[PDB]
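Engineer: Contents of upload_35.txt (compact mmCIF, N, CA and C atoms) are below:
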# COMPACT_ATOMS: atom_id res chain seq x y z
N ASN V 1 -70.59 -27.98 -37.56
CA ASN V 1 -69.42 -27.52 -36.82
C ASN V 1 -68.21 -27.42 -37.73
N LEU V 2 -68.37 -26.74 -38.86
CA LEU V 2 -67.28 -26.54 -39.81
C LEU V 2 -66.21 -25.65 -39.20
N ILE V 3 -64.96 -26.03 -39.40
CA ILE V 3 -63.83 -25.40 -38.73
C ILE V 3 -62.80 -24.96 -39.76
N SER V 4 -62.42 -23.69 -39.69
CA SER V 4 -61.25 -23.17 -40.38
C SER V 4 -60.39 -22.44 -39.36
N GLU V 5 -59.13 -22.86 -39.24
CA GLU V 5 -58.29 -22.39 -38.15
C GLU V 5 -56.91 -22.03 -38.68
N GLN V 6 -56.25 -21.13 -37.95
CA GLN V 6 -54.86 -20.77 -38.20
C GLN V 6 -54.13 -20.71 -36.87
N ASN V 7 -52.90 -21.22 -36.85
CA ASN V 7 -52.13 -21.36 -35.63
C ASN V 7 -50.84 -20.57 -35.73
N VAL V 8 -50.47 -19.92 -34.63
CA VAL V 8 -49.19 -19.22 -34.51
C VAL V 8 -48.48 -19.74 -33.27
N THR V 9 -47.18 -19.95 -33.38
CA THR V 9 -46.37 -20.49 -32.29
C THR V 9 -45.60 -19.36 -31.62
N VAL V 10 -45.75 -19.25 -30.31
CA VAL V 10 -45.10 -18.20 -29.53
C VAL V 10 -43.96 -18.82 -28.73
N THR V 11 -42.76 -18.27 -28.90
CA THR V 11 -41.58 -18.73 -28.19
C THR V 11 -41.04 -17.59 -27.34
N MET V 12 -40.99 -17.80 -26.03
CA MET V 12 -40.51 -16.82 -25.07
C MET V 12 -39.29 -17.37 -24.35
N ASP V 13 -38.19 -16.62 -24.38
CA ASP V 13 -36.98 -17.01 -23.67
C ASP V 13 -36.61 -15.92 -22.67
N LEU V 14 -36.31 -16.33 -21.44
CA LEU V 14 -35.86 -15.41 -20.39
C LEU V 14 -34.36 -15.63 -20.22
N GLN V 15 -33.58 -14.97 -21.07
CA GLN V 15 -32.13 -15.09 -20.97
C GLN V 15 -31.63 -14.42 -19.70
N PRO V 16 -30.78 -15.10 -18.93
CA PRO V 16 -30.28 -14.51 -17.68
C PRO V 16 -29.31 -13.38 -17.95
N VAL V 17 -29.46 -12.30 -17.19
CA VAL V 17 -28.61 -11.12 -17.31
C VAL V 17 -27.81 -11.01 -16.03
N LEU V 18 -26.49 -11.20 -16.13
CA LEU V 18 -25.59 -11.14 -14.98
C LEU V 18 -24.45 -10.20 -15.33
N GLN V 19 -24.43 -9.02 -14.72
CA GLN V 19 -23.42 -8.02 -15.02
C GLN V 19 -22.85 -7.47 -13.73
N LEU V 20 -21.52 -7.46 -13.64
CA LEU V 20 -20.79 -6.86 -12.52
C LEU V 20 -19.85 -5.82 -13.10
N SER V 21 -20.22 -4.55 -12.97
CA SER V 21 -19.44 -3.45 -13.53
C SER V 21 -18.65 -2.79 -12.42
N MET V 22 -17.33 -2.77 -12.57
CA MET V 22 -16.43 -2.21 -11.57
C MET V 22 -15.84 -0.90 -12.08
N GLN V 23 -15.88 0.12 -11.22
CA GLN V 23 -15.25 1.40 -11.53
C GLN V 23 -14.15 1.68 -10.51
N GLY V 24 -13.03 2.20 -11.00
CA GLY V 24 -11.88 2.47 -10.16
C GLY V 24 -10.59 2.12 -10.87
N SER V 25 -9.57 1.72 -10.12
CA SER V 25 -8.29 1.33 -10.69
C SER V 25 -8.08 -0.16 -10.49
N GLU V 26 -7.76 -0.86 -11.58
CA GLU V 26 -7.57 -2.30 -11.51
C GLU V 26 -6.26 -2.66 -10.81
N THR V 27 -5.35 -1.70 -10.67
CA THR V 27 -4.17 -1.85 -9.83
C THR V 27 -4.30 -0.94 -8.61
N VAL V 28 -4.16 -1.52 -7.42
CA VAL V 28 -4.12 -0.78 -6.17
C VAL V 28 -2.73 -0.95 -5.58
N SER V 29 -2.00 0.15 -5.44
CA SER V 29 -0.60 0.11 -5.03
C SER V 29 -0.45 0.76 -3.66
N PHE V 30 0.17 0.04 -2.73
CA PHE V 30 0.54 0.56 -1.42
C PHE V 30 2.05 0.71 -1.38
N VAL V 31 2.52 1.94 -1.16
CA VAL V 31 3.94 2.24 -1.13
C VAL V 31 4.30 2.71 0.27
N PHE V 32 5.23 2.01 0.90
CA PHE V 32 5.70 2.34 2.24
C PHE V 32 7.14 2.84 2.15
N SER V 33 7.34 4.11 2.47
CA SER V 33 8.69 4.67 2.43
C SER V 33 8.99 5.51 3.67
N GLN V 34 7.96 5.93 4.39
CA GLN V 34 8.14 6.67 5.63
C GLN V 34 7.88 5.76 6.82
N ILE V 35 8.43 6.16 7.97
CA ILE V 35 8.24 5.40 9.20
C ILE V 35 6.76 5.36 9.58
N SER V 36 6.08 6.51 9.47
CA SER V 36 4.66 6.57 9.80
C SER V 36 3.86 5.60 8.95
N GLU V 37 4.18 5.52 7.66
CA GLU V 37 3.50 4.56 6.79
C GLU V 37 3.75 3.14 7.26
N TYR V 38 4.98 2.85 7.71
CA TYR V 38 5.29 1.50 8.18
C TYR V 38 4.48 1.14 9.41
N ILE V 39 4.45 2.03 10.41
CA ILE V 39 3.76 1.71 11.65
C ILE V 39 2.24 1.69 11.50
N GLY V 40 1.67 2.58 10.69
CA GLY V 40 0.22 2.65 10.62
C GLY V 40 -0.40 2.16 9.33
N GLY V 41 0.31 2.31 8.21
CA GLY V 41 -0.17 1.75 6.96
C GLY V 41 -1.09 2.65 6.16
N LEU V 42 -1.05 2.50 4.84
CA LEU V 42 -1.91 3.28 3.95
C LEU V 42 -3.36 2.83 4.11
N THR V 43 -4.27 3.79 4.22
CA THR V 43 -5.70 3.54 4.16
C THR V 43 -6.25 4.23 2.92
N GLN V 44 -6.73 3.44 1.97
CA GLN V 44 -7.24 3.96 0.70
C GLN V 44 -8.76 3.92 0.72
N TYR V 45 -9.37 5.08 0.50
CA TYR V 45 -10.82 5.21 0.56
C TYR V 45 -11.41 5.25 -0.85
N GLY V 46 -12.46 4.46 -1.05
CA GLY V 46 -13.16 4.43 -2.32
C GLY V 46 -12.29 4.00 -3.48
N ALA V 47 -11.48 2.96 -3.28
CA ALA V 47 -10.58 2.50 -4.34
C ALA V 47 -11.37 1.90 -5.50
N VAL V 48 -12.30 0.99 -5.20
CA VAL V 48 -13.07 0.29 -6.21
C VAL V 48 -14.53 0.28 -5.80
N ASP V 49 -15.42 0.52 -6.76
CA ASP V 49 -16.86 0.40 -6.53
C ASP V 49 -17.43 -0.62 -7.52
N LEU V 50 -18.47 -1.32 -7.09
CA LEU V 50 -19.09 -2.39 -7.87
C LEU V 50 -20.58 -2.13 -8.02
N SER V 51 -21.08 -2.31 -9.24
CA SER V 51 -22.49 -2.17 -9.55
C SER V 51 -22.98 -3.49 -10.12
N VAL V 52 -24.16 -3.92 -9.69
CA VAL V 52 -24.69 -5.24 -10.00
C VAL V 52 -25.98 -5.08 -10.80
N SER V 53 -26.05 -5.75 -11.94
CA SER V 53 -27.28 -5.87 -12.71
C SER V 53 -27.61 -7.35 -12.83
N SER V 54 -28.82 -7.72 -12.43
CA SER V 54 -29.16 -9.14 -12.35
C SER V 54 -30.65 -9.33 -12.58
N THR V 55 -31.01 -10.56 -12.92
CA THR V 55 -32.39 -10.97 -13.07
C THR V 55 -32.85 -11.90 -11.96
N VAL V 56 -31.97 -12.73 -11.42
CA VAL V 56 -32.33 -13.71 -10.40
C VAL V 56 -31.62 -13.37 -9.10
N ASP V 57 -31.91 -14.15 -8.07
CA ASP V 57 -31.27 -13.96 -6.78
C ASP V 57 -29.77 -14.16 -6.89
N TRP V 58 -29.01 -13.24 -6.32
CA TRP V 58 -27.56 -13.23 -6.46
C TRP V 58 -26.90 -12.97 -5.12
N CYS V 59 -25.69 -13.51 -4.97
CA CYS V 59 -24.85 -13.28 -3.81
C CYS V 59 -23.46 -12.90 -4.29
N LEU V 60 -22.93 -11.80 -3.74
CA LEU V 60 -21.63 -11.27 -4.14
C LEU V 60 -20.66 -11.48 -2.99
N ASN F 1 -24.59 -21.89 -12.81
CA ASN F 1 -23.42 -21.29 -12.16
C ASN F 1 -22.84 -20.17 -13.02
N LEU F 2 -23.70 -19.25 -13.44
CA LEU F 2 -23.27 -18.11 -14.24
C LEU F 2 -22.39 -17.19 -13.42
N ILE F 3 -21.30 -16.73 -14.03
CA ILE F 3 -20.26 -16.00 -13.33
C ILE F 3 -20.00 -14.68 -14.04
N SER F 4 -20.05 -13.59 -13.28
CA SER F 4 -19.54 -12.30 -13.70
C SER F 4 -18.59 -11.79 -12.62
N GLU F 5 -17.36 -11.49 -13.01
CA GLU F 5 -16.31 -11.22 -12.03
C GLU F 5 -15.50 -10.01 -12.46
N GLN F 6 -14.91 -9.35 -11.47
CA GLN F 6 -13.98 -8.25 -11.69
C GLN F 6 -12.79 -8.44 -10.76
N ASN F 7 -11.59 -8.19 -11.28
CA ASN F 7 -10.36 -8.45 -10.55
C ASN F 7 -9.56 -7.16 -10.38
N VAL F 8 -8.97 -7.00 -9.20
CA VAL F 8 -8.07 -5.89 -8.91
C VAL F 8 -6.76 -6.47 -8.40
N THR F 9 -5.64 -5.90 -8.84
CA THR F 9 -4.31 -6.38 -8.48
C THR F 9 -3.73 -5.46 -7.41
N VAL F 10 -3.30 -6.05 -6.30
CA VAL F 10 -2.74 -5.32 -5.17
C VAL F 10 -1.24 -5.54 -5.15
N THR F 11 -0.48 -4.45 -5.16
CA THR F 11 0.98 -4.50 -5.10
C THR F 11 1.44 -3.78 -3.84
N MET F 12 2.14 -4.51 -2.98
CA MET F 12 2.65 -3.98 -1.72
C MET F 12 4.17 -4.08 -1.72
N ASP F 13 4.84 -2.96 -1.48
CA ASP F 13 6.30 -2.94 -1.39
C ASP F 13 6.70 -2.42 -0.01
N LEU F 14 7.63 -3.12 0.63
CA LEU F 14 8.19 -2.70 1.91
C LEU F 14 9.59 -2.16 1.64
N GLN F 15 9.66 -0.89 1.26
CA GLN F 15 10.95 -0.28 1.00
C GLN F 15 11.73 -0.12 2.30
N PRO F 16 13.00 -0.52 2.32
CA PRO F 16 13.78 -0.41 3.56
C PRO F 16 14.12 1.04 3.87
N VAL F 17 13.99 1.39 5.14
CA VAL F 17 14.28 2.74 5.62
C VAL F 17 15.49 2.65 6.54
N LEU F 18 16.60 3.23 6.10
CA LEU F 18 17.85 3.22 6.86
C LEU F 18 18.35 4.65 6.97
N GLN F 19 18.27 5.23 8.16
CA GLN F 19 18.67 6.62 8.36
C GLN F 19 19.55 6.73 9.59
N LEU F 20 20.70 7.37 9.42
CA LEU F 20 21.62 7.67 10.52
C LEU F 20 21.82 9.18 10.55
N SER F 21 21.17 9.85 11.50
CA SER F 21 21.22 11.30 11.60
C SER F 21 22.18 11.68 12.72
N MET F 22 23.20 12.45 12.37
CA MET F 22 24.22 12.86 13.33
C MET F 22 24.08 14.34 13.63
N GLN F 23 24.10 14.68 14.92
CA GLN F 23 24.10 16.06 15.36
C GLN F 23 25.38 16.37 16.12
N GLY F 24 25.94 17.55 15.86
CA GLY F 24 27.19 17.96 16.46
C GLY F 24 28.06 18.69 15.47
N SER F 25 29.38 18.59 15.62
CA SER F 25 30.32 19.22 14.72
C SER F 25 31.05 18.16 13.92
N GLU F 26 31.06 18.32 12.59
CA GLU F 26 31.70 17.34 11.74
C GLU F 26 33.22 17.44 11.82
N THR F 27 33.75 18.54 12.35
CA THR F 27 35.16 18.65 12.70
C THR F 27 35.30 18.68 14.21
N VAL F 28 36.14 17.80 14.75
CA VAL F 28 36.49 17.78 16.16
C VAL F 28 37.98 18.11 16.26
N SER F 29 38.30 19.22 16.91
CA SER F 29 39.67 19.72 16.96
C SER F 29 40.20 19.65 18.38
N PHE F 30 41.36 19.02 18.54
CA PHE F 30 42.09 18.99 19.80
C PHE F 30 43.32 19.86 19.66
N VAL F 31 43.42 20.89 20.50
CA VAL F 31 44.54 21.83 20.45
C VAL F 31 45.31 21.72 21.75
N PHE F 32 46.60 21.40 21.64
CA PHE F 32 47.48 21.27 22.79
C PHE F 32 48.49 22.41 22.78
N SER F 33 48.40 23.29 23.77
CA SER F 33 49.33 24.41 23.84
C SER F 33 49.88 24.61 25.25
N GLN F 34 49.20 24.05 26.25
CA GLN F 34 49.66 24.12 27.62
C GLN F 34 50.27 22.78 28.03
N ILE F 35 51.11 22.83 29.07
CA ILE F 35 51.74 21.61 29.58
C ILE F 35 50.69 20.65 30.11
N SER F 36 49.71 21.18 30.85
CA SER F 36 48.64 20.35 31.39
C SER F 36 47.90 19.62 30.29
N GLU F 37 47.62 20.31 29.18
CA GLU F 37 46.97 19.66 28.05
C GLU F 37 47.84 18.55 27.50
N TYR F 38 49.15 18.76 27.45
CA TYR F 38 50.05 17.74 26.93
C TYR F 38 50.04 16.49 27.80
N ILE F 39 50.17 16.66 29.12
CA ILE F 39 50.25 15.51 30.01
C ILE F 39 48.91 14.78 30.15
N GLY F 40 47.79 15.50 30.17
CA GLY F 40 46.53 14.84 30.41
C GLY F 40 45.58 14.76 29.23
N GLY F 41 45.63 15.73 28.33
CA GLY F 41 44.85 15.66 27.12
C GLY F 41 43.44 16.20 27.21
N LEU F 42 42.93 16.72 26.10
CA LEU F 42 41.57 17.24 26.05
C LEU F 42 40.57 16.10 26.15
N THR F 43 39.56 16.27 26.99
CA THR F 43 38.41 15.38 27.04
C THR F 43 37.17 16.16 26.61
N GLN F 44 36.60 15.78 25.48
CA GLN F 44 35.45 16.47 24.91
C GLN F 44 34.19 15.65 25.18
N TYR F 45 33.21 16.27 25.83
CA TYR F 45 31.98 15.60 26.21
C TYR F 45 30.86 15.96 25.25
N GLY F 46 30.13 14.94 24.80
CA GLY F 46 28.99 15.14 23.93
C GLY F 46 29.33 15.81 22.62
N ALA F 47 30.43 15.38 21.99
CA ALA F 47 30.86 15.98 20.73
C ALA F 47 29.87 15.67 19.61
N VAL F 48 29.51 14.40 19.46
CA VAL F 48 28.64 13.96 18.38
C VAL F 48 27.60 13.00 18.95
N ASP F 49 26.35 13.16 18.52
CA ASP F 49 25.29 12.23 18.88
C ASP F 49 24.69 11.65 17.60
N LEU F 50 24.23 10.41 17.68
CA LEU F 50 23.71 9.67 16.54
C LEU F 50 22.31 9.16 16.85
N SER F 51 21.40 9.33 15.89
CA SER F 51 20.04 8.84 15.98
C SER F 51 19.79 7.89 14.82
N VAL F 52 19.13 6.77 15.11
CA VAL F 52 18.96 5.68 14.15
C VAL F 52 17.48 5.50 13.87
N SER F 53 17.12 5.50 12.59
CA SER F 53 15.79 5.13 12.14
C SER F 53 15.92 3.94 11.20
N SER F 54 15.20 2.86 11.50
CA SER F 54 15.41 1.63 10.75
C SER F 54 14.11 0.83 10.72
N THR F 55 14.05 -0.09 9.77
CA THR F 55 12.95 -1.03 9.65
C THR F 55 13.35 -2.45 10.02
N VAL F 56 14.60 -2.85 9.77
CA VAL F 56 15.06 -4.21 10.02
C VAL F 56 16.12 -4.18 11.10
N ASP F 57 16.59 -5.38 11.47
CA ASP F 57 17.63 -5.50 12.47
C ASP F 57 18.91 -4.82 11.99
N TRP F 58 19.51 -4.02 12.86
CA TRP F 58 20.66 -3.20 12.49
C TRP F 58 21.73 -3.28 13.57
N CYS F 59 22.97 -3.12 13.14
CA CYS F 59 24.13 -3.05 14.02
C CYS F 59 24.96 -1.84 13.64
N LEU F 60 25.29 -1.02 14.64
CA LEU F 60 26.04 0.21 14.43
C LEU F 60 27.43 0.04 15.01
Kindly present the structure from the file in structure tokens form.
Structural biologist:
Amino acid sequence: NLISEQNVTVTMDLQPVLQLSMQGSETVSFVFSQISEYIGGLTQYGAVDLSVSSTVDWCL
Amino acid sequence: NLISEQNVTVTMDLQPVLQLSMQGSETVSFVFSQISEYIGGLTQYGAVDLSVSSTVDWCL
């Protein structure tokens, strides 16, 4: 039972990837100068959007 | 507790709205040429009207 052997060591790392990419304007400005704006207020549509890249279970 | 975050800054300004709109004649003329006008005087009805648009408490 003569034995000649060679060994290799395998190292595997699962680095966590957590990315939150936001597109839009980092300043959102509401300007009230008319009466209508005062009574009803500015409604801004699609100001900021968020995209999520993840490896594990995530909650935003 | 890996964290990926994005921040947006919201700026809200409440600009004061103060409007006094006058309708009528900016010159009001009283002409006295008859005796009756002298003794009793001209009475002018609805010479000037004022409309107020405001955001805060106001006194006219």
Engineer: Using all atoms listed in the file, find the one residue out of V:56, V:50, V:42, V:28 that sits nearest to chain F.
Structural biologist: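 Of the candidates, the smallest distance to chain F is held by V:28.
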Engineer: Based on only C-alpha atoms, which of the residues in chain F come within 7 Å of chain V? I want them as a list in words.
Structural biologist: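 Listed by rising number, the hits are residues 4, 5, 6, 7, 8, 9, 10, 11, 12, 13, 14, 15 and 17 of chain F.
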Engineer: Find the distance between atom N of residue 46 (chain F) and atom N of residue 36 (chain V) and write it in Å to one decimal.
Structural biologist: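 That distance, rounded to one decimal, is 29.7 Å.
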Engineer: Quick one: pick out all strand (DSSP E) residues within chain F from a backbone DSSP run and write them as a PyMOL selection string.
Structural biologist: chain F and resi 9-14+18-24+48-54
Engineer: Record the distance separating CA of residue 40 (chain V) and CA of residue 53 (chain F), expressed in Å with one decimal.
Structural biologist: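 Calculated distance between CA of residue 40 (chain V) and CA of residue 53 (chain F) is 15.8 Å.
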Engineer: Hey, can you check how far CA of residue 43 (chain V) sits from atom N of residue 59 (chain V)?
Structural biologist: 27.8 Å
